[PDB]
Each structure stands twice: as structure tokens, then as C-alpha cells.
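See below for the structure under consideration.
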């Protein structure tokens, strides 16, 4: 490793991705950690730890029902998911060379990868106790999400399980900006014609990420390998999610989905 | 990259894994590629490209519907080998430095989730754009023939062929495969394990060994380490779509049994 024009360019590529990551995503890992440790005073979130804390929290964010509780939560998860797909698309277009690829392959790269990004970025909002909700305005506890009516008391546990392992790597927004870009640009997704120009964009991004982690994480040896193996855990989560979603469409027929999400989930896994 | 005691040890770890890989697996990539390119002069396999080539081929290896009878036998022969393969992988796993000293419940666990990932990584060595070597180089079944089989069997081999194409383009050899296989086995993030600390401790070395092997052996391929690691993603997807498909053949066909060794592996998996 040395200071040469190629290394200087890999840093330039890294800065670019970071600046566009900041421009695309409003709730950054730095921003969310600050809240999660109480370093901010403006963003003091309400904690939803039970039913009585949820009903009071709905005032900020029939006679009696617990079914309406699991329905309302799940709908709000897909409410944010749609807003998130918009940001990821805005971001994807800023990756050097993405636009100049086949548009039918741009559609493809975003179709399979959007969910992997969603969950990578969701871990930034999480801790062993719970998740930040409503752009940092609320905090829903892990155990509360777990107590929800079957089979909803299981749709968030794999994300929390992942989040714990991922967060132990101690990555920052500068590292996440390259990693997110790496995930998008993959030459092993189905329905791709031009894998050659994609694998060349990713080769640069991987070269950029390897250097970023070398400079930023002197302590973590084999982090590059560790971070790359998390893409395996992300695919499993995306797969177990669509597998769980088929149970919602079947067992509880009266549970609709947004047409933007309906197109993504169609003919996926 | 430098020559120091740690690097010398990583090479020793690499040699060890290769020598046990050779001892465990009889049909190596080198061996299979020679058959596939007609460089061997004895192992001349019979090509099964349709129905008539299969019947004549069955002479070399039920009044029911022909298309159903043929799909059933093929699918059974895929699992007959799969069993023989699990035995080889287990023999290999025991040779990885530190595997035996771990928890035996964790040893059972690691092999439970990883055996299928290895099976498919090693299956790609027997494959080319045209088909797959069957019965240890005695036969060659075509991709398109496997694709024509009665629903939903005409779909169980396509993901393996798709993978194989991408994996083989990396141009790995038995030395590289020997470390990669070992890396897959020592996966930390699997269910039913509490001793993640010693498991990760083994994989960190294996990964360090693989990074050096690819650096020395593949001077041309600059991000081969990153590329090869991303294939573990494709392997998990295949193992997942496989168990998901296996569910269909039991619900569709009541008269479709499985070997008790495989029955234990697939149980409570994905």
C-alpha cells in the first residue's frame, strides 16, 4: 500500500459516495447513534415498550382490539420502506457508471438489492433494546415487537439478530457509503445481460472499500472478509422475509401492500 | 505480502488442507476437467442427451408413464450420490486444524448447514456450459435434458448450472478450493451455536490463508478474494431455494421418499 494516483482516485471515489450518501439519506448512523446515546436535546424520542405506551405514542405519532395493533405497526414498516426505496434509487444514480449501463439491468440491480440496503441501514437505527422509528421521533422496543400476535412477533427478530452482529464491526457512514454501493453493483443477480460492465464497476468499489477499511480501521484485521460475509446474512433475511410475506397474504387475506412494494416482491425469490 | 514466520505457517496450513482434500475427494477438479476436455484416454463417458440415450445408458449404469418414471430415477440418483458426498465432506471436516477440539454439538451444527454449500461448490467442478459429469466420469448428463424433465423436476438443476458458470469463470484450482471449502464449514453466523469465539478464531486464519493463496496463485485477478467471498451468498440462496423446492415434491407427490441421512440434514434447516 502506497500514495500513488490510483490510490488518490480510490479516495476521491470514496469521498464522492459519502457526499451523495449524506445528500440521499437524512438519518445517518452518526445522527442515529447520537440520539440512541442521548447526546441530542431536540430529538428526544418517546419509548414504545408496551400497549399503554403505544396508545399514548399514537397521540404524538371501536371498544378494544389487539389485532389493530399488529396491523398498524406492520403498515408503518412498509410506509417507511417505500420512502427508503426512493432514497436508495436517488443514491444508486450517483454511483460512477451506473446510469451508463443497460436500464433493464439498472431496474434489475435495484430490484434485488434495495432490501439488502434497507436492512444494512436499519441496523444503524438499532441497539440491543430496540429500533428508532418515525425519523428519530420514536423508539420501539425489541421485546414489544416480539410480543405482537402471530406471525408478526417474528418479522423483526432476524433484523435485530443481524443488527447486533453488524454493529459489532463498528462501521461508520464513510464505510457504509462504499459498502452500500458494492451491494447494488452485483454480477450474480438473475436477468442480467451485461455482467461484464457491472463486475468492472464493483471491482473499483471493492478496491475503494478495501482501502477505506485499511485506513479507517487499523485494529480490525480481516474486516474486509468479515464485512463481505454479512452480504450472505442479508440475502437470507431478504429470503426469509418474502417467505414470511406469503403467510400474511394467505392466513390474513385482508392485509394489502403498496403498489411500489408489490412490483419489487413480484417474481423475486 | 512478505516472507515471515506467519506467512510460512499460512502456506503450511494451505498444504495440509490440500493433501487431506486429495485424500477425501476422489474426483478432483483437475481430474474432472481432463474428462470434460477429452485429455484423458480411458474415462470416456456416455452422453445422456435425451430419452433414447438414457435407456441405452441405463444398460451401462414398472409399466408407468415414461416421462414420470425417468424424472423419479434421475432425482433418486442425485440423492444417492449426495449421501456418498456427505461422507467425504465429514472425513475432510475432521482434518481442519481445530475442528475436533470444538463442541461436538457445534461440529454436528456446522456440518448440518454447510454440507450442501460444499456439495454445490464441488459440483461446479464436474460441470460445463453443456452438462454435468455423472457416476464419477462414467457418464455425462446434458443441461437441456435435465431441463426437459417432468414438472417441477425440470427446474431443480438449473440454479446449480447457473451458479457453476459464474463460479468456474473465477478459474480456481483444487489448492484454492481446499481452503475455500474449509472457510465455508467454519461459518460463525449459523443457528444453534454458543461457541462463536473459537469458530471465528479458526475461520480468521483460514481466510488469511485463502487471501495469500489467491494472491500467489492468481496474479492477474485483482479482487478475486472479494469475488470468491460473494459466491457464498449465491450458495446460501441455492441451498434455500432447494429446501423450498423439496417441500413441493412432497406436497405434490406422496410417493416420493428420501434417504434417512438426508432426512436428518433437511429437518429444521431453512
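Residue numbering: from 1, along the chain as shown.
A Cβ is built for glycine as well, from the same backbone N, Cα and C atoms used for every other residue.
For reference, Swiss-Prot has these:
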- A:78, A:79, A:80, A:81, A:115, A:241, A:265: rosiglitazone binding site (BINDING)
- A:23: ubiquitin cross-link (CROSSLNK)
- A:259-267: motif '9aaTAD' (MOTIF)
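In this structure, the binding-site residues under consideration are A:79, A:265, and the one with the smallest number of other Cβ atoms within 10 Å of its Cβ is A:79. Note on the binding-site residues A:80, A:241: the fewest other CB atoms within 10 A surround the CB of A:80. Of the listed binding-site residues, namely A:78, A:81, the sparsest Cβ surroundings within 10 Å are found at A:78. As deposited, the model skips 7 residues from residue A:61 to residue A:62; the distance between those two Cα positions rounds to 19 Å.
Listed recorded positions (A:23, A:78, A:79, A:80, A:81, A:115) with a CB under 8 Å from any chain B CB: none. Minimal Cβ crowding within 10 Å, among the recorded positions A:23, A:115, is found at A:23. The DSSP breakdown of the motif '9aaTAD' (A:259-267) into helical (H, G, I), extended (E, B) and coil residues amounts to 7 helix, 0 strand, 2 coil. Spanning the residues A:78, A:79, A:80, A:81, A:115, A:241, A:265 that the record associates with binding rosiglitazone, the maximal Cα-Cα distance equals 16 Å. Between the C-alpha atoms of residue A:79 (rosiglitazone binding site) and residue A:23 (ubiquitin cross-link), the distance comes to 21 Å. For the pair residue A:81 (rosiglitazone binding site) and the residue listed as 'ubiquitin cross-link', the C-alpha distance works out to 18 angstrom. A straight line from the CA of residue A:78 (rosiglitazone binding site) to the CA of residue A:23 (ubiquitin cross-link) spans 23 Å.
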